J.: 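If you scroll down you'll find the structure; I have some questions about it.
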Amino acid sequence: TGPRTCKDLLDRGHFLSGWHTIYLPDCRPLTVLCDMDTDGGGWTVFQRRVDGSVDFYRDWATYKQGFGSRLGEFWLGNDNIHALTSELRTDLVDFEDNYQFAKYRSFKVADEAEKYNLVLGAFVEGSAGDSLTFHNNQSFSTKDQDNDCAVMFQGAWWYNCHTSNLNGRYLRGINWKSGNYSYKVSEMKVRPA
Amino acid sequence: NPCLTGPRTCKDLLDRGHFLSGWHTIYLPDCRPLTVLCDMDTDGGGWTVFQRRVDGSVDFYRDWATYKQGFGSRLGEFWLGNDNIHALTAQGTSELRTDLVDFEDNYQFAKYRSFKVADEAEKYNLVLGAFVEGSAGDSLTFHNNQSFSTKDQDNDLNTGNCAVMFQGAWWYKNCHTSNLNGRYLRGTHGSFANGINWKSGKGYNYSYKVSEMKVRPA
Amino acid sequence: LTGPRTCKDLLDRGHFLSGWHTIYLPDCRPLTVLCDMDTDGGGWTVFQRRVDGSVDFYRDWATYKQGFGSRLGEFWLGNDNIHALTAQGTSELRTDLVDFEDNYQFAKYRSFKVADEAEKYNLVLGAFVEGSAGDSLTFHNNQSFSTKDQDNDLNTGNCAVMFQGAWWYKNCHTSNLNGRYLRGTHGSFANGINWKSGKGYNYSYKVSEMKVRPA
Ligand SMILES: *[C@@H]1O[C@H](CO)[C@@H](O[C@@H]2O[C@H](CO)[C@@H](O[C@@H]3O[C@H](CO)[C@@H](O)[C@H](O)[C@@H]3O)[C@H](O)[C@H]2NC(C)=O)[C@H](O)[C@H]1NC(C)=O
Ligand SMILES: *[C@@H]1O[C@H](CO)[C@@H](O)[C@H](O)[C@H]1NC(C)=O
Ligand SMILES: [Ca+2]
Ligand SMILES: [Ca+2]
Ligand SMILES: [Ca+2]
């Protein structure tokens, strides 16, 4: 029928990163941020931090539906991420402009009934080093839902409790252990396996 | 056919499950499409943003015709246009919100119960309801029932030219206690009250990093 | 749709804010482009934008051909698109430049056309009309586009490599707007976002934009 993914869009000749609408297997439309530039492109970005203008210390309902701005920082929403999911790439930039990434061969979040349980594939490569497998098979947790954190390190993650905290505070935190240091830029993105 | 099925406000859009802030098209009461910036994130969301300053990349020291039609960029700073702002507030009760950020990352705000600008014939007269609350303090009530003025069309209550003296465009009285369309002066300035100023907020000598004005139906 | 064919059409239809809109190319191919509705009367289609150095412009032929970058920031629209945009009739060109002290310079030319890929996206430029940046494009008239992997210049070496850009290089250049984002004055010779008649071979601008409008 029409574009299912950012990869479809890239194959149809959309070469600039930006917000495009795609159709989920639901057939429900959704405008997403396509990264057409990184690692071959065709990535759908579901998380972005870039300047600390958006509060990421949010409750369950807010993470469920998504929040933020197409103009800047956002979380796409756990329902959308579930519908969406296919491999994972996390991109990270520090304040010295150093680039660091990690790539997982598969990435899926379950539905709300399974509390958006993270089921993550094998680490593939990445100067950032593996820091999410250790959170595999864990529900998602927000300040208004325990799960052995969210309040301790101020954020929301598949928390006993973490080795990455990308929805943490913009401290200039947004931590990746293998990578006390909060990154300038963080992006989480997906692409058909 | 799209007018009758399309959304009429950002609140409608939020109601249809649009949770990310961004530019969407809505249909004015006369059925004309208008691409607006929806703030879905702040104070429950569903706000239509008609003003935004963020980096000083756009000149806001503009004439009447330019303020009338709107100017700026969807990528950054803009004024939606006085005709559009009138169309959006002409019928019913839109509350107004003002969000301000300083260069030390202090977020401040002001909220009013209703906000309407009249049409061009009435020179976009401001009809402002009650100040509800806001950490930024009230700096708009002073401007109720004032015409809008630009450097080239002085409709203020000052014997001189407010828009020229304070280098902006606004519902100036004699002259102002707020000046959000003022120069992008970046924090403190020696020049007097000619920046993005909110008197009850950071005063007449400090120009905000971020300014946003937005409406939502009551 | 038979609708808007240019950013100027959009402006006439009452689109007053700069931003990305879709237009219909001469062949009815739809294209989403950045419209500058603010500058010099507005109605400009922007095909090049530098603003913060977040995008690598040191790219190969295929990449310049199809376009690259981001609607959120820096981009090159793509040589095929630029050709499609400028084949029929008269597009005038405006080049807008902003230094790190926020001073604006510009250059305006009466006509601007790039040929198709067979003709190596040749520069066909009209008379300089005015501009505070001076004229650093006319030197480049009637010259094939070159990238690091496709050397069509008049130098015995590879201009694109020597000045880390992609341009209508001769021997080698007087402007280099797709050069490295070097942030102001730089010791290194002429490998930044340079406009000789502007801030010279040793100053790289903060902002650069190249745009077209029906004359
Ligand atoms: C907005 O401001 C306009 C000025 O442009 C106000 O118009 C003025 O309204 C006052 C009411 O407070 C009128 O004063 C009254 O004058 C009559 C004589 O006509 C007198 O009997 C009363 O004792 C009282 O002083 C005044 O005429 C009028 N002036 C003009 C030039 O129209 C208007 O009231 C304001 N509107 C709102 C909603 O505040
Ligand atoms: C352009 O240059 C080509 C060779 O590169 C030459 O054949 C032709 O005469 C030139 N045309 C014009 C109009 O300058
Ligand atoms: Ca006056
Ligand atoms: Ca080659
Ligand atoms: Ca050569």
Side-chain angles (χ1 to χ4, degrees), chain A residues 10 13 15 36-37 39-41, chain C residues 26 47-48 55-69 75-95 107-131 133-180 182 188-197 200-202 204 210 212-215:
Chain A
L10 180 59
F15 297 108
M36 302 309 195
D37 202 18
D39 195 359
Chain C
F47 65 85
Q48 193 253 15
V55 174
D56 189 358
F57 270 68
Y58 185 52
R59 305 286 209 116
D60 66 22
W61 185 265
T63 302
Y64 271 90
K65 160 177 167 69
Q66 61 193 206
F68 64 87
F75 67 89
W76 178 256
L77 222 212
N79 296 337
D80 283 343
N81 288 324
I82 296 161
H83 172 250
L85 272 182
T86 66
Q88 279 84 176
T90 320
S91 289
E92 69 197 326
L93 172 82
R94 197 194 163 91
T95 296
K108 182 150 141 157
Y109 299 89
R110 200 92 63 192
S111 75
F112 165 85
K113 174 171 65 182
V114 327
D116 68 13
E117 192 175 358
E119 270 151 340
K120 276 131 62 208
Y121 303 116
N122 206 257
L123 218 212
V124 193
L125 190 74
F128 181 65
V129 12
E130 71 175 339
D135 176 6
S136 291
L137 200 44
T138 288
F139 170 104
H140 291 276
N141 198 216
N142 208 14
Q143 190 62 218
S144 316
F145 193 78
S146 266
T147 58
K148 76 197 163 192
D149 59 323
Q150 183 50 55
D151 176 345
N152 305 304
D153 65 47
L154 303 183
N155 189 280
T156 55
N158 188 142
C159 295
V161 168
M162 298 180 303
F163 312 98
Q164 304 106 72
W167 209 240
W168 305 274
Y169 293 116
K170 288 196 175 160
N171 191 11
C172 275
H173 79 79
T174 280
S175 44
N176 191 43
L177 266 26
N178 297 332
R180 288 220 273 129
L182 299 171
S188 54
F189 185 62
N191 63 330
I193 299 174
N194 307 324
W195 188 266
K196 179 181 174 193
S197 53
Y201 280 132
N202 285 284
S204 185
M210 304 177 78
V212 296
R213 189 174 67 183

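In listed order, ligands and their atoms are each counted from 1. Labels below follow one simple rule: chain letters A, B, ... track the order of the sequence lines, proteins then strands, and each chain is numbered from 1.
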J.: Does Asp149(C) put an N, O or S atom under 3.0 Å from the Ca ion (ligand 4)?
T.: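 Yes - counting backbone and side chain alike, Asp149(C) has an N, O or S atom under 3.0 Å.
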J.: Report the C-alpha distance between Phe47(C) and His83(C) in whole Å, list the side-chain angles of each, state the deciding distance to 0.1 Å, and finish with yes or no for ring pair (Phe, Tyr, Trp, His ring centres under 6.0 Å).
T.: CA-CA 11 Å; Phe47(C) 65 85; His83(C) 172 250; over 10 Å; no
J.: Looking at the Ca ion (ligand 5), is one of the N, O or S atoms of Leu154(C) less than 3.0 Å from it?
T.: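 Here the distance criterion (N, O or S atom, under 3.0 Å) is not met by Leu154(C), so no.
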J.: Show the numbers, then the answer: is there a side chain to side chain donor-acceptor pair (under 3.5 Å) between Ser136(C) and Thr174(C)?
T.: CA-CA 6 Å; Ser136(C) 291; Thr174(C) 280; 5.8 Å; no
J.: Are any non-hydrogen protein atoms located under 4.0 Å from atom 14 (O) of ligand 2?
T.: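 It does; a protein heavy atom is within 4.0 Å.
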J.: In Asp153(C), which N, O or S atom comes closest to the Ca ion (ligand 5)?
T.: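 The closest N, O or S atom of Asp153(C) to the Ca ion (ligand 5) is OD1.
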J.: Does NZ belonging to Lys108(C) count more than 12 external heavy atoms closer than 6.0 Å?
T.: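 Enclosed.
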J.: Is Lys65(C) paired with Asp149(C) through a side-chain N to carboxylate O contact shorter than 4.0 Å?
T.: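 Result for this pair is no, no salt bridge flagged.
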J.: Examine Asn155(C) and say whether one of its N/O/S atoms is closer to the Ca ion (ligand 5) than 3.0 Å.
T.: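 So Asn155(C) does bind the Ca ion (ligand 5) by this criterion.
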J.: Does the ring center of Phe57(C) lie less than 6.0 Å from the ring center of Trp76(C)?
T.: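 No.
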J.: Would atom 8 (C) of ligand 2 count as contacted, meaning some protein heavy atom under 4.0 Å?
T.: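 Yes, at least one protein heavy atom sits under 4.0 Å from atom 8 (C) of ligand 2.
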J.: Enumerate the atoms of ligand 2 whose separation from the nearest heavy atom of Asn142(C) is less than 4.0 angstrom.
T.: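 Counting from 1, the qualifying ligand atoms are 1 (C), 2 (O), 3 (C), 8 (C), 10 (C), 11 (N), 12 (C), 14 (O).
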J.: Hey, what do you get for CH2 (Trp61(C)) to CG (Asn79(C)), rounding to the nearest 0.5 Å?
T.: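 If we round to the nearest 0.5 Å, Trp61(C):CH2 and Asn79(C):CG are 6.5 Å apart.
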